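Read off the chains here:
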Number of protein chains: 2
Amino acid sequence: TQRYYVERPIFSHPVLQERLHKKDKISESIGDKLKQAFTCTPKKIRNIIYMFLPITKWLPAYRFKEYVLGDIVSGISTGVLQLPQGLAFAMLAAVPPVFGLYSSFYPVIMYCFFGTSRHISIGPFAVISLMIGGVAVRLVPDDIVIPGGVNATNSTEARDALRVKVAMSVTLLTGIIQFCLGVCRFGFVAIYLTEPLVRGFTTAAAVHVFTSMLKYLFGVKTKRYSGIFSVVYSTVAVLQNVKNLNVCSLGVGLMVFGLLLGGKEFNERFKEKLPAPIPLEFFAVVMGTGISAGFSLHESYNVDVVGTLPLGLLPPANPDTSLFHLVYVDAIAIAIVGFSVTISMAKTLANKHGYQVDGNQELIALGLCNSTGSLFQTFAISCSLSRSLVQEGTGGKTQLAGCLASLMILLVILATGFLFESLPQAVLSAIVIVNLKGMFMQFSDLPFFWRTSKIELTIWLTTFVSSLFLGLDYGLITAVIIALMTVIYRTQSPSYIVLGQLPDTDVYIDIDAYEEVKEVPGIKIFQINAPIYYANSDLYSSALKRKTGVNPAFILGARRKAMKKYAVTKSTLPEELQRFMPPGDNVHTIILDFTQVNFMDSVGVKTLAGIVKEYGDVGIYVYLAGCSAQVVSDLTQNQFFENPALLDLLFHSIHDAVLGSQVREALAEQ
Amino acid sequence: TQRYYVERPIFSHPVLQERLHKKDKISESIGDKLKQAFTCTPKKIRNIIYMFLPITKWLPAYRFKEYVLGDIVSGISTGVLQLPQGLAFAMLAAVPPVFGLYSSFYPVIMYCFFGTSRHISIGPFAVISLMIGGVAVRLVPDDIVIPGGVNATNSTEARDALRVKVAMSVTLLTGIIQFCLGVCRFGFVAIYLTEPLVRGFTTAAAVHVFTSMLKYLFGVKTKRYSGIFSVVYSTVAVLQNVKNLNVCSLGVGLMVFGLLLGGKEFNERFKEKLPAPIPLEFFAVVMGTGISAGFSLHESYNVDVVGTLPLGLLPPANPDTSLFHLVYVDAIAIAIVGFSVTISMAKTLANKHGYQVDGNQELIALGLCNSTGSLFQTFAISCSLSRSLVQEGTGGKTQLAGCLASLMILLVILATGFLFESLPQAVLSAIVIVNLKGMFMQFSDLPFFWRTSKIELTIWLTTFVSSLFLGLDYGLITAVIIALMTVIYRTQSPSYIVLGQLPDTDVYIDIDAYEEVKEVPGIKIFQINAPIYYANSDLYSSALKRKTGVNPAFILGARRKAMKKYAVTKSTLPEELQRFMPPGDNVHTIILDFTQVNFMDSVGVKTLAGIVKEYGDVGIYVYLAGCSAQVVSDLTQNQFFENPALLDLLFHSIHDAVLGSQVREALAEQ
């Protein structure tokens, strides 16, 4: 009445096809399509190095009057937020702290300068140290006693040294293989991640690390389990030794943790420009050590010591590798887990603002930095989330924060060792607990997922359980596999609607949706909100017949019953208008859309041909409207268009198909 | 001019929404939605047993005058086509022939009577015996010598007995677990198969079995390899021992195989009602044994013997099972491979004619029959393709053919043992070779696949290589995994077209397709032939901007350049009509369809919201036409419709979106 005036003559598909003429646009030199490129232009090398290292060009774009102060306080904050954290990681992997310091210093350096993300923090995940601890336990148990001359229970040195050697070697190989699979531009490829996966993974990891660090909170090193229910056995040991252990140390650790929680409460009471997350952990540790020295704790009550730092010189080196023909199992397991860490970190540093970075070269730089750091006495470093938020909030121009963190790393490691020699383990315990309660608290998201959907919550809980109760690597691989297969499941269970012609209109919408809709008699309309593949063809045909009610098999069954009762594209009706037919319907033509369908396969083509030919054999038309050019080619390239009329029975528009069908029906009236 | 008269006032989405009213159709008793069912109707139990065993009802539907003769000659043929085949399988698994006979008799019986496929043959695949041989080698090598009292190299008895015990136990457990995973109605589930997978699998299996049976053609049992390149090592041994071996036996075997091939040629010269595939293998073996007895072959030249059958009584039994806490590896491997065999056989006996059978109960019956046969001294039986074609060609009423095959199995096993005692191995060699050359010959399909597509041929060759050169179970699992992930790849790389308004029409087709097409200025049209998921969002946005040319990031870049040069749903243009703007385009609105899109995800919703909001911030309209009800709900159920105008900016029709956009543009003219 207002618009939508079409009034167009019938143009199904092939009238359009004949209406227009083809293009060619054929490019030459199919082989040397790019050999003509690859010039010696200085701009070419210029962009090559900038996409490799544009530190040459972040120089002038840095003002000072505010950027300097912002980046420096950011560096102070990130250093204080990595040092106890990095040391806790080195302890969770059961490594002498010197290697934690090497890691926190040098790999951070060459990767921060070899890093394209503008705001990006640096700091390993504890899950790293988890890999080390678990695989070391699986390979080096805690009862390894090869006589060396100690003549007592003094194997804590050689065993730790060999474990650390294995760890550095495998971190080397993992950085290397990371490079190896990143060079193929797979930064463009590795995207196969979802937020429920990462969320459930992180939560399960949090529970695991909580359970683990409980032990170092206690002080009684019972045993370190690995594998199926490893955390469960750890808890069992905790419960068995919950009694008659170092109890005063436990009590003081928990009370000081509660006190720092209360301080955090007071800080969170008002958080503004002036309120900042102070390094109160320094106050806690210094007060604890002052009381211990004033009240004889380690020397009398034998309270815990984390590390030991003398005053001297520690030159670096470069050790060798291990027997890969046997350590390949751990090599590959840690390779894929390192991949997972890298891609997770990339995704969480991914597009957040207008600034854009790359993925493949990010990977390359990260893997090379891992390998080199391992050459220089280091495990695999990472980034984090809290430090990242800190740096982005204050200043992330290139890497000033990480530079500052590294320089304070050097400050502590180089000269100051006697004050920074001892440490209670409960210190790092409470530190990581406070660092992680934020991601811990994800209870109010549960009904949010529930009301959100079912498949997504399924994936989230599945990755959670398979990463927590199940092991580590097999668990995460199975989580990924399920994440993949649920896509197929979603494509396998679509939602069907039987369209009905809109009242006094031309649009076709589902009949049983709003109840104020008509439908054209003699015609059945089907729709799919799903593409077609091999795994979804036959259940398709079945469900289609069922929800359409019509069944050509059952049509023939009714025909058989009628025949007992009185006892080439299309076909006709053998019935001579008697009472034997069930007067249920009068349908003459069949309607199906594909405007939603993506593609088919050989199975899809075959089943389509079978169903359409048998329906024509029934004597009922089938009009498969909704093809334009692409699916048209997809079908035609299949070996089934023998140029039938079917080759013409293509409808670019459902409405056009409707109109043509009813027009030819009126034509049949003679 | 003829039809397609619409002339309808503007109805985007929500005018339609308000136009109609909802339905309820709420069913009661969400818990006991079926407890009201489950009656004691005799018809209910009647259909239950018929869907379990309708042999009660194939009785009257069987005439005799022609059906009897057809089914009897079919049974004769299937028995002669299983007996040498079944015995060859028992030998390939390295089993005493008695168990091959038990298998060919009794499991065939209870499964043929417990089988819903009307025309269905019975006969194990050789791949079965391949599983047995390979896993036995991996577990029981050929050098197992535990002293029992033989005081010589006479371990061929105890070792074979233990291997056969392991084989029967694992066939038992596999039938059991088959039952276990079939009871969950997973016959409705296991469809995840494609013809390229099965084709490449079958071809690789054919090559493997060819290489294997070459050894028994030679006679010199060098060694039986297992695993990576196991066939390769087998070939290496063949080449090393190609010399100075039993050469006269080899020569006579090959010449008689050539002679039977020539007989097959003469038979294939004319094949009609009278020409039938005669059991000429009987002639070959009887002439060979007559010459051997007349010319002293086994007794002087030591020609090969396959079996040994005395004259006596062999009562059956029921042995026990194995230590699963250790044999679980083989248990599971053979469980999944048995699954694969079952589902392949079901698919090849699947819908071929109007008759319909079930899948889950088929599985259940098959697994139970496997378990019971193993309880009665038997491996896992199967069906085949040549015997199936024979039975369907002549007669398959229920199972008369398999019954006949079993009764001749009993005939030979029970009384006739002295004549049917010895056998040359080359007999079964040539038998299986002739049985299998048909599927061997698949060379002319190669360019057929090539011209067909690339992904499908990729899958076919991949399953071929991973099943032939690679091992068996890991190879097939990886083949399935790739088959799955290539679906994601196809969904990841769709084909984009920039639609252009049809000349003097209302339809919108790609601009650079036919070159006789116009396009509306000030408007950009995008289309996707793909649904939306997490793994395909950002590469989407990138490719869309690129192939549209437009880039809001680069739009802002041009804005920055212009600003240097002169140095809330939608937005406006800050430009004051100066020369700084690049006069490349004049686009004001953005067009995208979703009539093809299936679904999105949280990632998809988020990226859509981001892109549309930033485009509005640019000052350029975006109209995402093509939503009806379903995707409408999919979006609305997401937590992003804060009831913006966007909640109304939904277009059920692309043409309607076009018309509304141009109308409001003319409205802007004031």
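- Per the deposited record, cryo-EM is how this structure was determined, to a resolution of 6.7 Å.

## Overview of the relation of the copies chain B and chain A
1) Next: Its rotation angle being 180 degrees, the transformation that places chain B on chain A also includes 0.1 Å of axial translation and leaves an RMSD of 0.0 Å. Taken together, the turn and the small shift mark the pair as related by a two-fold rotation axis. Looking at the rotation axis and the C-alpha trace of chain B, the residue lying nearest is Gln596 of chain B, at 1.8 Å.
2) Next: Of the residues that chain B buries at the interface, 100% are likewise interface residues in chain A, meaning the two copies contact each other through the same surface.

## Details of the domain arrangement of chain A
1) Next: What the domain assignment lists for chain A is domain 1 (63-146 + 164-489) and domain 2 (499-668).
2) Next: Computed over C-alpha atoms only, the centres of domain 1 of chain A and domain 2 of chain A are separated by 60 Å.

## Quick notes on the sheet that holds strand β5 (residues 621-625) of chain B
All names here are of chain B.
1) Next: Strands sit in the order β3-β4-β5 across an open sheet of three strands; the sheet is parallel. Looking along the sheet, the strands with just one partner apiece sit at the ends: β3 (523-526) and β5. Taking the axes of each pair of neighbouring strands and ignoring which way they run, one obtains an average angle of 15 degrees across the sheet.
2) Next: Here four bridges tie β3 to strand β4 (residues 589-593), and the two strands are oriented parallel to one another. Along β4, the bridge assignment pairs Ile525 with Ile591.
3) Next: Helix α24 (residues 654-668) contacts β4 and β5 of the sheet and is inclined by roughly 155 degrees relative to β5.

## Describing the packing of aromatic side chains
1) Next: In the structure shown here, the tally under the stated rule is 39 aromatic pairs over all chains.
2) Next: An angle of 55 degrees between the planes, with centres 5.3 Å apart, marks the rings of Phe449 of chain A and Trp460 of chain A as tilted. With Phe449 of chain A in helix α17 (residues 446-452) and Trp460 of chain A in helix α18 (residues 455-468), the pair connects residues that are eleven residues apart, well separated along the chain. Exposure class is identical for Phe449 of chain A and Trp460 of chain A. Each is buried.
3) Next: Ring centres of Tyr496 of chain B and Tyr540 of chain B lie 5.7 Å apart, and the angle between their planes is 35 degrees; on these two criteria the pair is classed as tilted.

## Some words on a positive patch on the surface
1) Next: On the surface, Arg560, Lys561, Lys564, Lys565 and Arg579 of chain A cluster together into a positively charged patch.
2) Next: Among the secondary structure elements, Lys565 of chain A is positioned in helix α21 (residues 552-566).

## Regarding the side chain of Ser429 of chain A
Residues and elements named next belong to chain A.
1) Next: Tracing the backbone through its elements, the reader meets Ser429 in helix α16 (residues 425-440).
2) Next: Among the polar contacts listed, one links the side chain of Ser429 to the backbone oxygen of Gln425, at a separation of 2.7 Å.
3) Next: Excluding residues that lie within four positions of it along the chain, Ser429 makes contacts with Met213, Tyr216 and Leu217.

## Focus on helix α12 (residues 324-348) of chain B
1) Next: Bending of α12 of chain B peaks at approximately 35 degrees at the position of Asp330 of chain B.
2) Next: Taken as a whole, α12 of chain B has its buried residues at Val327, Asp330, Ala331, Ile334, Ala335, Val337, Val341, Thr342, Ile343 and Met345 of chain B.

## With respect to the pairing of strand β5 (residues 621-625) of chain A
Along any regular strand the residues' side chains alternate between the sheet's two faces.
Residue and element names in this part refer to chain A.
1) Next: One ladder, built from five bridges, connects strand β4 (residues 589-593) with β5; its direction is parallel. Its bridge partner being in β5, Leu592 is matched across the sheet by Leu624.
2) Next: The parallel pair β4 and β5, bridged by helix α22 (residues 602-618), forms a crossover whose chirality is right-handed.

## Overview of a nonpolar patch on the surface
1) Next: Taken together, the side chains of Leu181, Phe186, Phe188, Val189, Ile191 and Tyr192 of chain A together with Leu539 of chain B make up a nonpolar region of the molecular surface, amounting to roughly 630 Å² of accessible area.
2) Next: Structurally, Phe186 of chain A can be placed in the loop between α6 (158-182) and α7 (195-218).

## Regarding the sheet that holds β5 of chain A
Residue and element names in this part refer to chain A.
1) Next: Judged by pairing direction, the sheet is parallel, and its three strands sit side by side in the order β3-β4-β5 without closing on themselves. In the strand order of this sheet, the two ends are held by β3 (523-526) and β5, each with one partner. Going from strand to strand, the sheet's axes swing by 15 degrees on average, the running direction of each strand aside.
2) Next: Helix α24 (residues 654-668) rests against β4 and β5 of the sheet, and its axis sits at about 155 degrees to β5.

Parameters and conventions
Residues numbered from 1 in each chain as written, not as in the entry; some residues may be left out. Chains lettered and ligands numbered in written order. Heavy atoms only, no water. Least-squares fit on C-alpha atoms. Contact = heavy atoms within 4.5 Å. Domains from an automatic or database assignment. Pairing = 2+ DSSP bridges. Helix = DSSP H or I, 4+ residues; strand = E, 2+ residues; numbered from the N terminus. Axes fitted to C-alpha atoms, helices over the stretch in contact; angles between N-to-C directions. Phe/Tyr/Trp six-rings, centres within 6.5 Å; stacked < 30°, edge-to-face > 60°. Buried < 20%, exposed > 50% of the residue type's maximum accessible area, 1.4 Å probe, protein only. Patch = residues over 30% accessible without salt bridge, like charges linked within 9 Å, V, L, I, M, F, W, Y side chains within 5 Å. Areas by Shrake-Rupley, 256 points an atom, 1.4 Å probe, with all protein chains shown as cover. Salt bridge = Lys/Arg side-chain N within 4 Å of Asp/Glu carboxyl O. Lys, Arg positive; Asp, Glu negative; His and termini not counted. Charge placed at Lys NZ, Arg CZ, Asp CG, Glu CD. Polar contact = N/O pair within 3.5 Å; in protein donor to acceptor, adjacent residues only side chain to side chain. Bend = angle between axes of the 7 residues up to and from the residue. Right-handed = clockwise from strand over helix to strand, strands pointing away.

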